[PDB]
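K.L.:
Just to be clear, this is only the beginning of the complex, oriented as in the whole thing:
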Amino acid sequence: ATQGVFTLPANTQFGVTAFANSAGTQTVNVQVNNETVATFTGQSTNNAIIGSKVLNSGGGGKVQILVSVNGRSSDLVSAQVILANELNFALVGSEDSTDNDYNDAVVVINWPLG
Amino acid sequence: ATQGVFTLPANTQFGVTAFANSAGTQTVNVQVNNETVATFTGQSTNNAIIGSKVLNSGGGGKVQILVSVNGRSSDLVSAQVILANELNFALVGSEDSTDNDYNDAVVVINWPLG
């Protein structure tokens, strides 16, 4: 299945935060309605935050996360979870090698804000 | 139900990150096997990160999040989600008032690291 794609409500503010856990330098691209609106880059084997931003989901509400290491696409896993019928998490893990920890870059998207 | 309590694997490294979305100043306490091992305080209505740390789950693996505003306990909601049978997220929302957005402090715990 396609992974890392989420439909948000339209024109809604959301937070996107990325953590790194790999020897490889991670590149996280955030696309909103098929336009790149953020790129995070960093390296950590200790969960360092390599980016955190507030973005808007725009008309289509389509938010896609892509992760690469040195231009090679990582394999993704994802889900969305909603708590108390209001608090949304869109969760992505990525795998840049063979160990299947899926934590090489971890991306957490949350809404609503404010 | 009790919320904000999670059983991790023993002696395991995990990340904890807290976000704020309220007029009220948020205090997030992190307890590992009933000892307070981190405390984050901060105020934001725009999802600012008010703390991020790497901790060890210790022998019991018990991780509890408590949130308060002005010394008053916030109501919590929580769940744990596992992706690819390996990547774990323990998720907490908290409500300090009456609107029920449960985002006033948002806490994300992730493991494994490295």
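P.N.:
Received it, and whenever you're ready, just let me know what you need. Numbering: from 1, shown residues only, chains lettered A, B, ... in the order given.

K.L.:
near chain B, which residues of chain A?
P.N.:
Chain A comes close to chain B at residues A:13, A:15, A:17, A:19, A:21, A:45-47, A:49, A:52, A:54, A:77-79, A:81, A:83-84, A:86-87, A:89, A:91, A:93, A:95, A:100-103, A:106, A:108, A:110, A:112-114, as judged by Cβ under 8 Å from any Cβ of the partner chain. For every residue, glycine as well, the C-beta is placed using N, CA and C.

K.L.:
Make a ChimeraX selection of the buried ones in those.
P.N.:
Selecting only the buried entries of those in ChimeraX, with 16 or more other Cβ atoms under 10 Å in any protein chain shown as the criterion:
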select /A:13,15,17,19,21,47,49,52,77,78,79,83,84,86,87,89,91,93,95,101,102,103,106,108,110,112,113
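
K.L.:
Regarding residue A:61, what are the backbone dihedral angles?
P.N.:
Backbone torsions for residue A:61, taken as degrees, to the nearest 10, come to phi 70, psi 10.

K.L.:
same deal with the one 10 residues further on?
P.N.:
Backbone torsions of residue A:71, given as degrees, to the nearest 10, read phi 70, psi 0.

K.L.:
for the one 10 residues further on, same thing?
P.N.:
For residue A:81, the backbone dihedrals are phi -130, psi 140 (criterion: degrees, to the nearest 10).

K.L.:
which residues touch it?
P.N.:
A:88, A:89, A:91, B:79, B:81, B:91 (Cβ atoms under 8 Å, 6 or more residues apart in numbering or on different chains).

K.L.:
Please name the nearest non-neighbouring residue to the second one.
P.N.:
Meaning residue A:89. residue A:81 (4.9 Å; Cβ to Cβ, 6 or more residues apart in numbering or on different chains).

K.L.:
Switch the contacts of residue A:81 over to JSON lines; also include distance to residue B:71.
P.N.:
Formatted as JSON lines, the contacts of residue A:81 follow (distance: Cβ to Cβ, whole Å):
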{"residue": "A:88", "distance to residue B:71": "29"}
{"residue": "A:89", "distance to residue B:71": "28"}
{"residue": "A:91", "distance to residue B:71": "32"}
{"residue": "B:79", "distance to residue B:71": "27"}
{"residue": "B:81", "distance to residue B:71": "31"}
{"residue": "B:91", "distance to residue B:71": "25"}
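
K.L.:
Let me know the closest of these to residue A:26.
P.N.:
residue A:91 (16.2 Å; Cβ to Cβ).

K.L.:
sequence below should go in as chain C:
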Amino acid sequence: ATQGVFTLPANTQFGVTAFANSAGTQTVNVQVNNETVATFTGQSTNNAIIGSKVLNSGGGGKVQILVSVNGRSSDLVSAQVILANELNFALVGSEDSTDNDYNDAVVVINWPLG
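P.N.:
So, slotting chain C in with the rest:
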């Protein structure tokens, strides 16, 4: 927090299924836009299905689960999870006594159908 309340897309077919794991006879009440549309009753300590129905979410899309045993309200826990940005589960556990297993009646709501 209020639990057992979910917002579905409007005018959408959904499935609701209830399982029992208790000595007590479970009564599961299903409301759609604040009107009772189903009631499932049954007893099992071995996960027997006590009801499965297809319903429509109507204009408001509001679905609520309540659980009681001999007229006494059970404590609820719930969450919604979305897979592949399309497959939805709305999940309820309920606790009729003291052991905190939350499985006394378990309710799974799924959409889309067809």
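
K.L.:
can you check the contacts of residue A:81 again with chain C included?
P.N.:
A:88, A:89, A:91, B:79, B:81, B:91, C:79, C:80, C:81, C:82.

K.L.:
you'd agree the fourth one is up against residue B:91?
P.N.:
Yes. Under the criterion of Cβ atoms under 8 Å, residue B:79 is in contact with residue B:91, at a separation of 5.5 Å.

K.L.:
Between the two, which contacts overlap?
P.N.:
Common contact partners of residue B:79 and residue B:91 (Cβ under 8 Å, 6+ apart): A:81, A:83.

K.L.:
Run through the strands of chain A in chain order.
P.N.:
A:5-7, A:13-32, A:35-56, A:62-69, A:72-73, A:75-83, A:87-95, A:105-111 (DSSP state E).

K.L.:
could you say what helices and strands the first one packs with?
P.N.:
For strand A:5-7, the elements it packs on are strand A:62-69, strand A:75-83, judged by 3 or more Cβ pairs under 8 Å, 6 or more residues apart in numbering or on different chains; DSSP states H and E.

K.L.:
closest one to residue C:4 among those strands?
P.N.:
strand A:75-83 (12.5 Å).

K.L.:
CA atoms of the closest one as CSV?
P.N.:
Extracted in CSV, the C-alpha atoms of strand A:75-83 (Å, rounded to 0.1, in the frame of the first residue of the first chain):
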residue,chain,number,x,y,z
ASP,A,75,10.5,2.3,2.8
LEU,A,76,7.6,3.9,4.7
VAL,A,77,5.0,2.7,7.2
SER,A,78,2.1,4.9,8.5
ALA,A,79,-1.2,5.2,10.2
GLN,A,80,-3.5,7.9,11.5
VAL,A,81,-5.0,7.8,15.1
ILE,A,82,-7.7,9.9,16.5
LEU,A,83,-8.2,10.4,20.3
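
K.L.:
Run through the residues that contact the nearest residue to residue A:45 once chain neighbours are set aside.
P.N.:
Once flanking residues are discounted, residue A:45 sits nearest to residue B:114: 5.3 Å by Cβ to Cβ, 6+ apart. Residue B:114 sits next to A:21, A:45, A:46, A:101, A:103, B:13 when contact means Cβ under 8 Å, 6+ apart.

K.L.:
and of the residues you listed, the nearest to chain C?
P.N.:
For the contacts of residue B:114, the minimum distance to chain C (Cβ to the nearest Cβ) is 19.6 Å, reached by residue A:103.

K.L.:
That closest one reaches residue B:88, doesn't it?
P.N.:
No. The pair residue A:103 / residue B:88 is not scored as a contact, 9.3 Å apart, by Cβ under 8 Å.

K.L.:
Chain D comes next; put it on the structure above:
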Amino acid sequence: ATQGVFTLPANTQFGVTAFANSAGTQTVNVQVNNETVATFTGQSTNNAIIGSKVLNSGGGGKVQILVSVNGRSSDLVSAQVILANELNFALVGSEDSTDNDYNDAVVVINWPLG
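P.N.:
Alright, chain D goes in next:
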């Protein structure tokens, strides 16, 4: 990523329930520790239950779901969610064709029982 594989606690009773939403006859295979312990075969475009069984997770706790239609593997998606730090759902969707609804066979694994 591999999907439809879950680690349960050892020697634990669990329920497995399959729903069908396709024109195609669905064959759901359940393995516990790499041995077939159940096979559900049925057809429905309206969420009918094509199998429900109680099984034991055995020493390894490994549970795998595979879905096929006329001998051809469906694409799977999955996740595990834990409520109240005790109530577990392991969730599978499967796609037998092109529409990406992932509901053609839907598998819900729950524990604990009793």
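
K.L.:
Could you re-examine the contacts of residue A:81 with chain D now present?
P.N.:
A:88, A:89, A:91, B:79, B:81, B:91, C:79, C:80, C:81, C:82, D:81.

K.L.:
before we move on, what about residue A:79?
P.N.:
By Cβ under 8 Å, 6+ apart, residue A:79 lies in contact with A:90, A:91, B:81, B:83, C:81, C:82, C:83, D:79.

K.L.:
With distance to residue C:58 added, can I get the residues you listed in TSV?
P.N.:
Compiled in TSV, these are given as follows (distance: Cβ to Cβ, whole Å):
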residue	distance to residue C:58
A:90	27
A:91	30
B:81	29
B:83	33
C:81	23
C:82	21
C:83	24
D:79	28
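
K.L.:
just those residues now: which is nearest residue B:8?
P.N.:
Using Cβ to Cβ, those come closest to residue B:8 at residue B:81, 13.8 Å.

K.L.:
wait, what's in contact with the residue of chain A most remote from its centre?
P.N.:
Most distant residue from the mean C-alpha position of chain A: residue A:84, 22.4 Å away (Cα atoms, centre = their mean). Taking Cβ under 8 Å, 6+ apart, we find residue A:84 in contact with B:77, B:93, B:95, B:100, B:102, C:1, C:2, C:3.

K.L.:
Contacts only, for the last one.
P.N.:
Spelled out, it's residue C:3. A:84, B:1, C:76, C:77, C:78, C:92 are the contacts of residue C:3 under Cβ under 8 Å, 6+ apart.

K.L.:
Then residue A:55?
P.N.:
By Cβ under 8 Å, 6+ apart, the contact list for residue A:55 reads A:13, A:14, A:15, A:16, A:30, A:32, A:37, A:38, A:63.

K.L.:
So what sits opposite it in the bridge?
P.N.:
Residue A:55 forms beta bridges with residue A:14, as assigned by DSSP bridges.

K.L.:
Closest to residue D:72 out of the contacts of residue A:79?
P.N.:
Distances from residue D:72 to the contacts of residue A:79, taken as Cβ to Cβ, are shortest for residue C:83 (20.8 Å).

K.L.:
Run a quick neighbour tally on that closest one.
P.N.:
24 (other Cβ atoms under 10 Å in any protein chain shown).

K.L.:
same question, the one 3 residues further on
P.N.:
The tally of other residues near residue C:86 (other Cβ under 10 Å) stands at 20.

K.L.:
Please report phi then psi for it.
P.N.:
phi -150, psi -30.

K.L.:
who touches it in this structure?
P.N.:
C:112, D:100, D:101, D:102.
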